[PDB]
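> task: produce atomic coordinates for the following.
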Amino acid sequence: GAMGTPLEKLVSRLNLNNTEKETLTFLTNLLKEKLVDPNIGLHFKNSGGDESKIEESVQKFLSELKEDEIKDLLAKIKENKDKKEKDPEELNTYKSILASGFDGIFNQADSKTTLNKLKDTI
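Residues are numbered from 1 along each chain as shown. Below you will find the coordinate block:
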């Protein structure tokens, strides 16, 4: 598919640091990892099933949020990640839950309604 990660243009105006970007990268990469499973990307697969659909969704998701809520989200994911990455299997489940929650966006779900899922995972 055609895509050049357009979200990175607005990510720049959000002013994210290494701590934020790593979490965002982690998020996006776990999506491209778990959403390819119809059990996890139920909406993803049935909305398109394209890697770039993720690259669009994350963008449209965060675009309708607050800059400080993006920080809020990433900080939440980060700390959970960082405490669960101590255990690869535990982190794996976490990544799975994250993706299965973000998957809602592909079903015309609101960005905040889907955000609360991610920010309220652990």
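
> so residue 7 touches residue 55, yeah?
Yes. Between residue 7 and residue 55 there is a contact under Cβ atoms under 8 Å: 6.7 Å. In short, each C-beta sits where N, CA and C put it, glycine included.

> find residues that contact each of the two.
Contact criterion Cβ atoms under 8 Å, 6 or more residues apart in numbering; no residue bridges residue 7 and residue 55 by contacting each.

> OK, contacts around the residue most central in space within the chain?
In the chain, the residue lying closest to the centroid (Cα atoms, centre = their mean) is residue 27, at 4.3 Å. Applying Cβ under 8 Å, 6+ apart, we find residue 27 in contact with 58, 74, 77, 98, 102, 118.

> change it to 7 Å
Residue 27 makes contact with 77, 98 under the criterion Cβ atoms under 7 Å, 6 or more residues apart in numbering.

> now it: which helix or strand?
Here residue 27 is covered by helix 18-34, with elements defined by DSSP states H and E.
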